[PDB]
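For reference, the structure discussed in these notes is given below.
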Amino acid sequence: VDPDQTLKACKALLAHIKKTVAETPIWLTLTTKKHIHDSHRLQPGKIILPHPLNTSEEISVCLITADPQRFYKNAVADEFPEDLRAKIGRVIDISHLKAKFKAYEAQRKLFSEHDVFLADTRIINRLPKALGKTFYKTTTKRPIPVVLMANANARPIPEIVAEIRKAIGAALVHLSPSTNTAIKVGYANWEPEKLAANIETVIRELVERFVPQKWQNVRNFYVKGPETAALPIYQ
Amino acid sequence: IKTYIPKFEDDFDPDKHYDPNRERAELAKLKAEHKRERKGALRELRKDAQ
Amino acid sequence: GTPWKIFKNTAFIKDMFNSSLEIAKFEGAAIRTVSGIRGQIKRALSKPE
Amino acid sequence: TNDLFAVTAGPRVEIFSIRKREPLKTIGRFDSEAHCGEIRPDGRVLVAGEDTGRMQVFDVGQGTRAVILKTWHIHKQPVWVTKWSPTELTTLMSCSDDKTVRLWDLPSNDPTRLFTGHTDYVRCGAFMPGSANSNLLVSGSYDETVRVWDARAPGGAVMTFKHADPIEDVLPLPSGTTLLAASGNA
Amino acid sequence: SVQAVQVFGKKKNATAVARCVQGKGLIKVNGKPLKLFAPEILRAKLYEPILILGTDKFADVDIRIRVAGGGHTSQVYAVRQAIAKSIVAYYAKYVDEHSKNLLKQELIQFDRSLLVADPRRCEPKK
Amino acid sequence: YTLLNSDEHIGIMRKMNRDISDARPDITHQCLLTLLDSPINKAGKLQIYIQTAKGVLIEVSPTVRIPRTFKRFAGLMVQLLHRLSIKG
Amino acid sequence: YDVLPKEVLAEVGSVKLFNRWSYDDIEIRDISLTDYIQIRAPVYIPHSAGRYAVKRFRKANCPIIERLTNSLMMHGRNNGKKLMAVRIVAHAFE
Amino acid sequence: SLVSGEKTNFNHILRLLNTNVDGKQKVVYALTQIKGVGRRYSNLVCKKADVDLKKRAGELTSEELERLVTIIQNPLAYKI
RNA sequence: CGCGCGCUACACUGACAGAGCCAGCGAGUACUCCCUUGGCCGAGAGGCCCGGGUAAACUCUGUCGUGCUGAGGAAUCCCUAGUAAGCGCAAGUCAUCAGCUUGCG
């Protein structure tokens with residue numbers, strides 16, 4: 001697959017969107033040809049983008065840890081003041097989440113409060129039934145994996161902050177048992193060269209990491225906007 | 001003492017709502033008459049069913 | 001029609017009538033399942049018309 | 001033994017710790033000023049008189065506690081000092097801006113005794129420490145007078161000393177016999 | 001071979017097992033200490049049997065309590081009943097009956113509900 | 001809807017033969033006018049209640065200035081007796 | 001000590017209300033109310049689950065701070081709450 | 001007999017953009033008094049201008065007062 | 001249109017942020033809140049993907065301070081111990097009951 005087709009298609013698509021003011025996400029729709037069965041392939045992943053997805057001007061992260069919440073809150077009070085303490089408004093363990101936040105109004109207030117979410121890989125299995133469907137199933141604001149894994153068994157704190165810096169702007173990947181998925185690459189206010197770079201590295205990482213029996217199982221990637229038509233890419 | 005003026009309607013009756021805006025008063029009157037007619041229709045239909 | 005919420009016996013049934021006037025006409029009627037379960041229309045439901 | 005001392009500056013007092021020397025609590029309930037932040041010999045209760053004339057007495061714990069016990073608004077003109085009695089726990093004194101010093105008791109809503117006789121601002125005063133000097137009060141004014149009163153007879157001053165300068169500070173000596181009046185350049 | 005006494009305690013729906021063995025003097029409720037498990041004002045309800053009997057009686061025993069059910073108040077009353085009945089039953093079995101009778105007399109003179117749970121039946125004025 | 005006075009209901013109460021002198025709201029009106037214009041009300045040391053024959057007990061705020069005319073006063077008193085309050 | 005904090009182990013000597021206030025020297029000034037103001041059996045906190053409303057004059061035996069607490073929980077929104085009332089009594093006595 | 005009362009005149013009514021009445025309350029409770037300004041909005045204004053929440057209104061210099069009157073005109077020029 | 005019976009709103013018994021800690025009844029291969037803008041694979045009917053509309057309470061610690069941000073008249077009725085009152089959780093049993101009913105703590 002050559003990226004010149006992606007560049008001409010995404011330029012035509014931005015012209016199609018235009019002809020604040022845009023503020024629409026652009027994604028590519030993955031199709032595969034065989035059903036997906038492995039529950040370890042059904043795990044949500046992240047793809048680190050070369051141009052990060054988030055603006056990081058005023059957005060607030062929420063960080064969901066597992067075992068002692070006081071240890072992780074003291075690490076947040078310890079480590080890094082420039083980028084991290086302005087963003088990390090809450091550190092919630094999964095026990096405190098399942099305790100305090102079971103109500104529809106409470107999880108609606110949390111979803112309206114915070115801007116983007118991060119969780120640990122031992123918790124995102126638990127999270128679609130801890131956090132509500134109005135948090136999880138509806139929109140893109142849903143937790144991204146951050147590997148806080150080696151008194152809690154935790155990775156060392158500079159690697160923790162490096163992982164959170166990598167994972168704030170990363171692109172979330174959900175897989176589904178069906179054969180069609182879609183994955184966001186950016187917005188419509190961006191430049192199409194950056195868009196085509198994001199689509200290229202997402203194609204590389206999506207196939208060669210997540211879709212099993214990789215380029216055998218691949219089907220068409222159709223670049224799409226919110227309400228527009230889809231443009232081909234590797235039929 | 002800073003005295004104040006008692007707000008009251010001169011020709012008072014309990015049988016009439018008081019509202020400045022005729023649009024809002026008329027919309028509330030139409031909603032009340034629609035509820036009354038719907039309840040009367042449901043009562044007549046239920047007695048005919050029994 | 002189609003069931004909407006199903007309790008032990010009383011089920012709420014959705015895609016059959018259009019208004020509470022029509023339900024009040026067909027109050028007490030012998031409703032039936034495809035399976036063979038008999039039943040009776042009891043009361044119109046307020047919030048979904 | 002305790003680890004509390006209070007410094008008032010502007011519209012708030014700030015109870016400091018002795019060991020840590022940090023501002024342990026900052027109390028800014030006052031409307032306008034706070035002219036002496038004086039805590040009781042028990043060490044749980046702070047009195048402070050404002051610039052609007054009220055004095056507020058409020059409990060502080062070891063931590064962040066500012067629960068208001070009583071408020072008096074009888075002076076109606078500023079109160080510059082308000083001091084606890086060194087022996088009794090509920091008796092306190094007040095030198096206000098007008099002409100008056102006066103004795104209060106904490107349960108009552110009335111000043112228990114009133115002492116007049118000064119002709120200018122009275123702004124410094126203390127009780128007299130001693131076994132024999134149970135109820136004597138000294139206060140100096142801005143009228144260049146130090147007066148010491150018996151609290152048993154609320155007439156005039158028992159003794160009066162006239163200086164040459166506006167009298168800024170007063171302290172008795174712990175033997176109870178002698179007294180230092182700080183007035184001007186001497 | 002080991003000296004061990006298991007005693008139950010009861011309130012509305014809050015029940016407490018207290019196992020009392022020969023020990024150094026600790027009291028644990030749900031694996032946490034007795035000075036931790038309660039609301040902050042009902043710890044004086046928990047410390048009632050210890051302060052009645054004195055600490056010299058509890059110097060030799062180790063009590064482990066589990067509680068389930070009820071609310072905070074019912075669980076606190078169940079814990080204090082399990083504590084009092086537990087030390088009385090240990091002194092029944094493993095030291096003298098005169099000490100058992102002295103402990104029972106002091107606890108009954110303070111409050112009978114430390115030993116005998118009185119359920120609230122329904123019998124109003126018939 | 002108007003208060004029961006001796007102005008226009010003199011025929012009704014004289015026909016039904018029950019104490020034409022009793023139904024007088026003008027006493028309450030002139031006395032409440034007196035008390036609201038008095039300087040002890042303007043200083044603020046006056047508090048005024050009305051008890052009617054029906055058992056109705058009305059507190060009148062000192063901060064009110066009543067209608068000085070009996071027609072507006074009767075309409076205001078009817079609205080008070082039916083809505084249990086008069087907002088400013 | 002079994003498990004006791006320092007304030008309780010300090011005032012381990014006698015029965016003290018809220019672990020701070022003694023019942024030793026308390027004199028009821030009126031002769032008529034010595035029967036009905038019950039300070040004879042001391043209590044630690046007023047929260048005592050006692051059936052003091054079974055029959056007549058049984059409320060003449062419950063301690064007077066429990067009466068003060070149970071009458072503090074008196075309006076429409078303070079009805080069930082007893083820890084609020086014993087906390088109000090503790091703060092008021094301090 | 002000469003101590004500087006350069007700060008003791010602070011409990012007076014200050015004037016601002018729209019309201020002519022803004023006395024001493026605090027620094028964030030004084031911002032609520034201006035119409036259209038909220039209780040959660042007033043804390044965002046103070047963290048940009050390096051003014052402390054501990055101070056009152058009237059404890060600010062003639063430079064520090066006007067810094068909150070520019071930033072109340074344009075909330076977009078300072079990032080939000 | 002009238003009448004009550006429930007439900008809701010109406011501020012010191014306050015709001016915000018934290019920390020900690022408590023139930024009982026409940027398991028029929030059975031349960032799902034709508035309807036839609038687009039696109040995938042669909043000769044056609046559909047299935048997908050992405051958008052739009054185990055408690056409450058309680059306890060402890062801090063941050064701010066009465067600010068359309070106002071607890072119900074005459075009457076009339078009911079109520080004496082786990083009773084009045086507050087609170088949530090669950091079920092929906094051939095009659096009644098989802099605008100709610102009945103349990104349970």
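To be explicit about the labels: the chains of the structure tokens are called A, B, and onward in the order shown, and within each one the residues are counted from 1, while ligands get numbers from 1 in the order they are shown.
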Item to complete: Residues of chain D no more than 12 Å from chain H, counting only C-alpha atoms: send them over as number ranges by chain.
Response: D: 9-12, 26-34, 51-52, 142, 165-168, 183-185
Keeping only N, CA and C atoms, take the residues you just selected and write them out as a PDB file, in the first residue's frame.
```
ATOM      1  N   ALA D   9      -1.376  40.618  62.598  1.00  0.00           N
ATOM      2  CA  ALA D   9      -0.885  41.586  61.631  1.00  0.00           C
ATOM      3  C   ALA D   9      -2.008  41.864  60.647  1.00  0.00           C
ATOM      4  N   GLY D  10      -2.573  43.060  60.701  1.00  0.00           N
ATOM      5  CA  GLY D  10      -3.635  43.420  59.798  1.00  0.00           C
ATOM      6  C   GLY D  10      -4.953  42.786  60.180  1.00  0.00           C
ATOM      7  N   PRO D  11      -5.722  42.339  59.189  1.00  0.00           N
ATOM      8  CA  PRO D  11      -7.082  41.864  59.452  1.00  0.00           C
ATOM      9  C   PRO D  11      -7.180  40.404  59.853  1.00  0.00           C
ATOM     10  N   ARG D  12      -6.063  39.734  60.105  1.00  0.00           N
ATOM     11  CA  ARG D  12      -6.070  38.330  60.480  1.00  0.00           C
ATOM     12  C   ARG D  12      -5.036  38.098  61.564  1.00  0.00           C
ATOM     13  N   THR D  26      -4.394  30.472  60.248  1.00  0.00           N
ATOM     14  CA  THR D  26      -4.593  31.882  59.946  1.00  0.00           C
ATOM     15  C   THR D  26      -6.077  32.192  60.044  1.00  0.00           C
ATOM     16  N   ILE D  27      -6.447  33.013  61.018  1.00  0.00           N
ATOM     17  CA  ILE D  27      -7.840  33.311  61.324  1.00  0.00           C
ATOM     18  C   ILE D  27      -8.157  34.698  60.800  1.00  0.00           C
ATOM     19  N   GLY D  28      -9.022  34.754  59.792  1.00  0.00           N
ATOM     20  CA  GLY D  28      -9.410  35.995  59.159  1.00  0.00           C
ATOM     21  C   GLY D  28     -10.903  36.232  59.213  1.00  0.00           C
ATOM     22  N   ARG D  29     -11.519  35.912  60.353  1.00  0.00           N
ATOM     23  CA  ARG D  29     -12.930  36.208  60.570  1.00  0.00           C
ATOM     24  C   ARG D  29     -13.191  37.706  60.689  1.00  0.00           C
ATOM     25  N   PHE D  30     -12.176  38.483  61.055  1.00  0.00           N
ATOM     26  CA  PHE D  30     -12.347  39.886  61.399  1.00  0.00           C
ATOM     27  C   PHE D  30     -12.744  40.722  60.194  1.00  0.00           C
ATOM     28  N   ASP D  31     -13.594  41.711  60.451  1.00  0.00           N
ATOM     29  CA  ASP D  31     -14.038  42.592  59.387  1.00  0.00           C
ATOM     30  C   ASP D  31     -12.932  43.560  58.988  1.00  0.00           C
ATOM     31  N   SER D  32     -12.383  44.284  59.958  1.00  0.00           N
ATOM     32  CA  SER D  32     -11.472  45.385  59.673  1.00  0.00           C
ATOM     33  C   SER D  32     -10.057  45.160  60.190  1.00  0.00           C
ATOM     34  N   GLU D  33      -9.863  44.926  61.486  1.00  0.00           N
ATOM     35  CA  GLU D  33      -8.527  44.689  62.023  1.00  0.00           C
ATOM     36  C   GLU D  33      -8.593  43.647  63.125  1.00  0.00           C
ATOM     37  N   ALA D  34      -7.446  43.422  63.758  1.00  0.00           N
ATOM     38  CA  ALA D  34      -7.344  42.540  64.914  1.00  0.00           C
ATOM     39  C   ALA D  34      -6.137  43.042  65.693  1.00  0.00           C
ATOM     40  N   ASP D  51     -11.048  46.675  64.854  1.00  0.00           N
ATOM     41  CA  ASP D  51     -11.047  48.118  64.674  1.00  0.00           C
ATOM     42  C   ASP D  51     -12.459  48.682  64.644  1.00  0.00           C
ATOM     43  N   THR D  52     -13.468  47.824  64.480  1.00  0.00           N
ATOM     44  CA  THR D  52     -14.850  48.283  64.481  1.00  0.00           C
ATOM     45  C   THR D  52     -15.417  48.338  65.887  1.00  0.00           C
ATOM     46  N   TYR D 142      -2.675  57.251  76.074  1.00  0.00           N
ATOM     47  CA  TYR D 142      -1.974  58.249  75.283  1.00  0.00           C
ATOM     48  C   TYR D 142      -2.073  59.633  75.895  1.00  0.00           C
ATOM     49  N   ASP D 165       5.385  61.639  77.861  1.00  0.00           N
ATOM     50  CA  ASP D 165       5.254  61.136  76.505  1.00  0.00           C
ATOM     51  C   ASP D 165       4.005  60.281  76.384  1.00  0.00           C
ATOM     52  N   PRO D 166       3.487  60.093  75.169  1.00  0.00           N
ATOM     53  CA  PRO D 166       2.398  59.127  74.976  1.00  0.00           C
ATOM     54  C   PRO D 166       2.859  57.712  75.280  1.00  0.00           C
ATOM     55  N   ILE D 167       2.240  57.112  76.288  1.00  0.00           N
ATOM     56  CA  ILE D 167       2.727  55.875  76.884  1.00  0.00           C
ATOM     57  C   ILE D 167       2.375  54.710  75.977  1.00  0.00           C
ATOM     58  N   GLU D 168       3.400  54.035  75.468  1.00  0.00           N
ATOM     59  CA  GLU D 168       3.210  53.011  74.453  1.00  0.00           C
ATOM     60  C   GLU D 168       3.065  51.615  75.048  1.00  0.00           C
ATOM     61  N   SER D 183       7.347  54.961  77.544  1.00  0.00           N
ATOM     62  CA  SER D 183       6.743  56.197  77.061  1.00  0.00           C
ATOM     63  C   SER D 183       7.771  57.004  76.289  1.00  0.00           C
ATOM     64  N   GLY D 184       7.643  57.029  74.968  1.00  0.00           N
ATOM     65  CA  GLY D 184       8.502  57.894  74.179  1.00  0.00           C
ATOM     66  C   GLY D 184       9.902  57.334  74.083  1.00  0.00           C
ATOM     67  N   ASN D 185      10.893  58.188  74.295  1.00  0.00           N
ATOM     68  CA  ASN D 185      12.282  57.787  74.153  1.00  0.00           C
ATOM     69  C   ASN D 185      12.875  57.264  75.449  1.00  0.00           C
TER      70      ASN D 185
END
```
Counting only C-alpha atoms (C1' of nucleotides), give me one row per residue of chain I with an atom at most 10 Å from an atom of chain F, showing the shortest contact pair and its distance in Å to one decimal, sorted by chain then residue number, as CSV.
```
residue,atom,partner,partner_atom,distance
I:72,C1',F:84,CA,8.9
I:73,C1',F:84,CA,6.4
I:74,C1',F:56,CA,6.4
I:75,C1',F:55,CA,9.9
```
Based on the selection just made, write N, CA, C and O atoms (P, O5', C5', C4', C3', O3' and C1' of nucleotides) of those residues as a PDB file, in the first residue's frame.
```pdb
ATOM      1  P     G I  72     -45.451  24.592  57.800  1.00  0.00           P
ATOM      2  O5'   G I  72     -46.598  25.309  56.962  1.00  0.00           O
ATOM      3  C5'   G I  72     -47.119  26.581  57.322  1.00  0.00           C
ATOM      4  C4'   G I  72     -48.101  27.035  56.275  1.00  0.00           C
ATOM      5  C3'   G I  72     -49.388  26.223  56.242  1.00  0.00           C
ATOM      6  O3'   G I  72     -50.425  26.858  56.967  1.00  0.00           O
ATOM      7  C1'   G I  72     -48.322  26.122  54.125  1.00  0.00           C
ATOM      8  P     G I  73     -50.714  26.497  58.503  1.00  0.00           P
ATOM      9  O5'   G I  73     -51.975  27.385  58.858  1.00  0.00           O
ATOM     10  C5'   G I  73     -51.836  28.774  59.080  1.00  0.00           C
ATOM     11  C4'   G I  73     -53.153  29.481  58.915  1.00  0.00           C
ATOM     12  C3'   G I  73     -54.368  28.752  59.458  1.00  0.00           C
ATOM     13  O3'   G I  73     -54.535  28.963  60.846  1.00  0.00           O
ATOM     14  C1'   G I  73     -54.824  29.595  57.290  1.00  0.00           C
ATOM     15  P     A I  74     -55.189  27.831  61.771  1.00  0.00           P
ATOM     16  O5'   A I  74     -56.743  27.930  61.455  1.00  0.00           O
ATOM     17  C5'   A I  74     -57.485  29.085  61.809  1.00  0.00           C
ATOM     18  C4'   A I  74     -58.839  29.082  61.151  1.00  0.00           C
ATOM     19  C3'   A I  74     -59.713  27.886  61.467  1.00  0.00           C
ATOM     20  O3'   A I  74     -60.417  28.050  62.680  1.00  0.00           O
ATOM     21  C1'   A I  74     -59.671  28.229  59.136  1.00  0.00           C
ATOM     22  P     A I  75     -60.681  26.796  63.640  1.00  0.00           P
ATOM     23  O5'   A I  75     -61.936  26.080  62.978  1.00  0.00           O
ATOM     24  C5'   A I  75     -62.045  24.667  62.967  1.00  0.00           C
ATOM     25  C4'   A I  75     -62.204  24.144  61.563  1.00  0.00           C
ATOM     26  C3'   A I  75     -62.181  22.636  61.420  1.00  0.00           C
ATOM     27  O3'   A I  75     -63.452  22.068  61.666  1.00  0.00           O
ATOM     28  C1'   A I  75     -60.751  23.614  59.808  1.00  0.00           C
TER      29        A I  75
END
```
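Shell of residue 92 (chain A) at 7 Å, with only C-alpha atoms (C1' of nucleotides) counted and residues fewer than 2 places along the chain excluded, is residues 63, 64, 65, 69, 90, 94, 96 and 97 of chain A.
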Fewer than 4 positions away in the same chain doesn't count, so skip those; otherwise give me all residues within 12 Å of region 5-7 of chain G, counting only C-alpha atoms (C1' of nucleotides), as an mmCIF file with N, CA and C atoms, in the first residue's frame.
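Produced file out_39.cif, reproduced below:
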```cif
data_model
loop_
_atom_site.group_PDB
_atom_site.id
_atom_site.type_symbol
_atom_site.label_atom_id
_atom_site.label_comp_id
_atom_site.auth_asym_id
_atom_site.auth_seq_id
_atom_site.Cartn_x
_atom_site.Cartn_y
_atom_site.Cartn_z
ATOM 1 N N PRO E 33 -7.658 -3.450 64.508
ATOM 2 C CA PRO E 33 -7.781 -3.322 65.963
ATOM 3 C C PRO E 33 -9.085 -2.670 66.406
ATOM 4 N N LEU E 34 -9.353 -2.866 67.699
ATOM 5 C CA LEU E 34 -10.564 -2.371 68.330
ATOM 6 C C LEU E 34 -10.589 -0.857 68.417
ATOM 7 N N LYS E 35 -9.431 -0.210 68.511
ATOM 8 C CA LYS E 35 -9.403 1.244 68.496
ATOM 9 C C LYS E 35 -9.686 1.823 67.120
ATOM 10 N N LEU E 36 -9.694 1.000 66.075
ATOM 11 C CA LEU E 36 -10.035 1.435 64.730
ATOM 12 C C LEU E 36 -11.479 1.134 64.365
ATOM 13 N N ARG E 43 -16.938 4.223 69.967
ATOM 14 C CA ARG E 43 -15.842 3.488 70.577
ATOM 15 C C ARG E 43 -15.947 3.493 72.093
ATOM 16 N N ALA E 44 -16.607 4.494 72.669
ATOM 17 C CA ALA E 44 -16.888 4.449 74.094
ATOM 18 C C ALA E 44 -17.927 3.395 74.440
ATOM 19 N N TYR E 47 -15.503 0.201 74.396
ATOM 20 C CA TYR E 47 -14.584 0.089 75.522
ATOM 21 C C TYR E 47 -15.286 -0.086 76.852
ATOM 22 N N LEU E 51 -13.334 -1.234 80.481
ATOM 23 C CA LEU E 51 -13.259 -0.277 81.573
ATOM 24 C C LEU E 51 -14.062 -0.689 82.794
ATOM 25 N N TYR G 1 -3.620 -2.918 79.765
ATOM 26 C CA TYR G 1 -4.346 -2.452 78.591
ATOM 27 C C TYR G 1 -4.590 -3.596 77.632
ATOM 28 N N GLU G 11 -7.831 8.353 81.800
ATOM 29 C CA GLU G 11 -9.021 8.417 82.645
ATOM 30 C C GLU G 11 -9.649 7.025 82.774
ATOM 31 N N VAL G 12 -8.784 6.061 83.110
ATOM 32 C CA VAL G 12 -9.193 4.696 83.442
ATOM 33 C C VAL G 12 -9.689 4.573 84.881
ATOM 34 N N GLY G 13 -9.572 5.631 85.688
ATOM 35 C CA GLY G 13 -9.893 5.517 87.100
ATOM 36 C C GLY G 13 -11.367 5.371 87.412
ATOM 37 N N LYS G 16 -16.409 8.421 83.414
ATOM 38 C CA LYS G 16 -16.379 9.804 82.971
ATOM 39 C C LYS G 16 -17.201 9.939 81.704
ATOM 40 N N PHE G 18 -18.126 11.109 78.188
ATOM 41 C CA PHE G 18 -17.333 11.432 76.994
ATOM 42 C C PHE G 18 -15.834 11.333 77.250
ATOM 43 N N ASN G 19 -15.452 10.498 78.221
ATOM 44 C CA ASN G 19 -14.087 10.302 78.710
ATOM 45 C C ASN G 19 -13.422 11.593 79.169
ATOM 46 N N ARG G 20 -14.194 12.601 79.563
ATOM 47 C CA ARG G 20 -13.566 13.820 80.047
ATOM 48 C C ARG G 20 -14.190 14.384 81.314
#
```
Worksheet item: What's the 9 Å shell around residue 49 (chain D), counting only C-alpha atoms (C1' of nucleotides), without same-chain residues fewer than 3 positions away, as a PyMOL selection string?
Response: chain D and resi 30+33-37+52-57+78-82+94+96
Selected residues written out, C-alpha atoms, as a PDB file, in the first residue's frame:
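selection_22.pdb was written with the following content:
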```pdb
ATOM      1  CA  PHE D  30     -12.347  39.886  61.399  1.00  0.00           C
ATOM      2  CA  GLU D  33      -8.527  44.689  62.023  1.00  0.00           C
ATOM      3  CA  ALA D  34      -7.344  42.540  64.914  1.00  0.00           C
ATOM      4  CA  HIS D  35      -5.355  44.431  67.469  1.00  0.00           C
ATOM      5  CA  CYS D  36      -4.146  41.853  69.957  1.00  0.00           C
ATOM      6  CA  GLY D  37      -4.359  38.129  69.471  1.00  0.00           C
ATOM      7  CA  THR D  52     -14.850  48.283  64.481  1.00  0.00           C
ATOM      8  CA  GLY D  53     -15.086  47.898  68.249  1.00  0.00           C
ATOM      9  CA  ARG D  54     -16.172  44.278  68.572  1.00  0.00           C
ATOM     10  CA  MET D  55     -14.093  41.666  70.295  1.00  0.00           C
ATOM     11  CA  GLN D  56     -14.366  38.045  69.246  1.00  0.00           C
ATOM     12  CA  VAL D  57     -13.325  35.154  71.446  1.00  0.00           C
ATOM     13  CA  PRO D  78     -11.891  50.311  68.546  1.00  0.00           C
ATOM     14  CA  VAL D  79     -10.456  48.061  71.221  1.00  0.00           C
ATOM     15  CA  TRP D  80      -6.688  47.995  71.242  1.00  0.00           C
ATOM     16  CA  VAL D  81      -5.891  45.463  73.957  1.00  0.00           C
ATOM     17  CA  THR D  82      -7.873  42.600  75.454  1.00  0.00           C
ATOM     18  CA  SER D  94     -10.247  45.457  77.661  1.00  0.00           C
ATOM     19  CA  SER D  96     -10.617  50.446  74.137  1.00  0.00           C
TER      20      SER D  96
END
```
Worksheet item: So which residues touch residue 51 (chain I) within 12 Å, counting only C-alpha atoms (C1' of nucleotides), skipping near sequence neighbours fewer than 2 positions away, as a ChimeraX atom specification?
Response: /A:24-27,137-140,182,224-228 /I:36-39,49,53
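Across the structure, CA of residue 28 (chain C) and CA of residue 41 (chain C) are spaced 4.9 Å apart.
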Can you check which parts of chain E lie within 9 Å of chain I? Per residue, the shortest pair of atoms and distance in Å to one decimal, counting only C-alpha atoms (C1' of nucleotides), sorted by chain and number, as CSV.
```
residue,atom,partner,partner_atom,distance
E:13,CA,I:23,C1',8.1
E:14,CA,I:23,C1',8.9
E:37,CA,I:21,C1',8.5
E:38,CA,I:21,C1',8.0
E:39,CA,I:59,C1',5.2
E:40,CA,I:59,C1',6.2
E:41,CA,I:59,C1',8.2
E:68,CA,I:23,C1',8.9
E:69,CA,I:23,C1',5.6
E:70,CA,I:23,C1',5.5
E:71,CA,I:22,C1',5.0
E:72,CA,I:22,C1',5.5
E:75,CA,I:22,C1',8.2
E:120,CA,I:82,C1',6.3
E:121,CA,I:82,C1',8.0
E:122,CA,I:82,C1',8.0
E:124,CA,I:81,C1',7.5
```
Any chance you could export the current selection's C-alpha atoms as a PDB file, in the first residue's frame?
```
ATOM      1  CA  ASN E  13     -29.224  -8.363  62.363  1.00  0.00           C
ATOM      2  CA  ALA E  14     -25.599  -7.881  63.410  1.00  0.00           C
ATOM      3  CA  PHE E  37     -13.289  -0.452  64.133  1.00  0.00           C
ATOM      4  CA  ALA E  38     -16.246   1.834  65.020  1.00  0.00           C
ATOM      5  CA  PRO E  39     -17.741   5.226  64.315  1.00  0.00           C
ATOM      6  CA  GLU E  40     -15.683   7.702  66.295  1.00  0.00           C
ATOM      7  CA  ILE E  41     -18.295   8.267  69.001  1.00  0.00           C
ATOM      8  CA  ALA E  68     -21.559  -9.280  59.875  1.00  0.00           C
ATOM      9  CA  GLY E  69     -24.873  -7.635  59.152  1.00  0.00           C
ATOM     10  CA  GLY E  70     -26.642  -4.754  60.808  1.00  0.00           C
ATOM     11  CA  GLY E  71     -25.700  -1.125  60.763  1.00  0.00           C
ATOM     12  CA  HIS E  72     -22.964   0.708  62.608  1.00  0.00           C
ATOM     13  CA  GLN E  75     -22.525  -3.903  64.960  1.00  0.00           C
ATOM     14  CA  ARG E 120     -37.501  -6.522  70.702  1.00  0.00           C
ATOM     15  CA  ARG E 121     -40.656  -8.552  70.178  1.00  0.00           C
ATOM     16  CA  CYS E 122     -43.989  -7.057  69.106  1.00  0.00           C
ATOM     17  CA  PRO E 124     -48.049  -3.427  72.298  1.00  0.00           C
TER      18      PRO E 124
END
```
